Amino acid sequence: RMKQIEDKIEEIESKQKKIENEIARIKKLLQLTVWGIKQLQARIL
Amino acid sequence: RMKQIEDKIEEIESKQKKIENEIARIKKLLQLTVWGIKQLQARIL
Amino acid sequence: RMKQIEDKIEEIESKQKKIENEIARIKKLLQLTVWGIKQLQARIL
């Protein structure tokens with residue numbers, strides 16, 4: 001029974017790491033879009 | 001004590017689903033903005 | 001084994017709060033990018 005709980009915790013932790021990885025990728029892409037908007041507006045203005 | 005562990009695990013799993021859902025929605029909108037920036041670069045510049 | 005479980009649960013909860021705070025920040029900046037793309041389109045095209 002202790003292992004069943006421990007396995008659950010492992011699964012959650014693993015899922016949390018994947019989520020953290022996803023959020024980092026999202027932040028990078030979001031920063032790219034910020035840069036692209038900045039670049040577009042710069043070339044015009 | 002075991003009750004608290006079981007309850008907290010359920011809360012964590014629910015919050016994780018909430019987070020995954022928020023991430024899904026963020027990703028779709030981010031893909032839209034990437035597309036819009038691409039269109040503006042071409043159509044303006 | 002119960003203490004170990006409880007410590008990991010606390011760690012997971014702390015991380016979930018951090019993640020929720022990251023998502024809040026991402027959402028705000030993403031809303032600004034949506035507005036900026038809208039603005040460039042409106043002003044020029």
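For the numbers below, each heavy atom of this structure counts, side chains included, while hydrogens, waters and symmetry mates do not. Letters go in sequence order (proteins before strands), and every chain restarts at 1.
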Donor-acceptor contact below 3.5 Å, side chain C:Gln16 vs main chain B:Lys15: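 Not a single qualifying donor-acceptor pair exists.
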Is the closest side-chain heavy-atom distance between C:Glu6 and B:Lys8 below 4.5 Å?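 No, too far: nothing below the 4.5 Å cut-off.
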Under a 4.0 Å N-O cut-off, is there an ion pair linking B:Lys18 with C:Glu20?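 So B:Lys18 pairs with C:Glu20 through a salt bridge.
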Spacing of B:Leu32 atom CG and C:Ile37 atom CD1 [to the nearest 0.5 Å]: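 One gets 9.0 Å once the value is rounded to the nearest 0.5 Å.
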Which region of [X], side chain (C-beta onward) or backbone (N, CA, C, O), has a non-hydrogen atom less than 4.5 Å from a non-hydrogen atom of chain C, or is it both or neither?
X       : value
B:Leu40 : side chain
B:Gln39 : neither
B:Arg1  : both

Side chain, backbone, both or neither: which part of [X] has an atom under 4.5 Å from a heavy atom of chain B?
X       : answer
C:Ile9  : both
C:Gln31 : side chain
C:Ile26 : side chain

C:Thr33 pairs by side chain to side chain contact (heavy atoms under 4.5 Å, CB included) with which of B:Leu29, B:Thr33, B:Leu30, B:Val34?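 Option passing the side chain to side chain contact (heavy atoms under 4.5 Å, CB included) with C:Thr33: B:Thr33.
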C:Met2 vs B:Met2, test: side-chain contact (heavy atoms from CB on, under 4.5 Å). Steps then yes/no. CA-CA 8 Å; C:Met2 258 194 141; B:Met2 182 56 84; 3.5 Å; yes
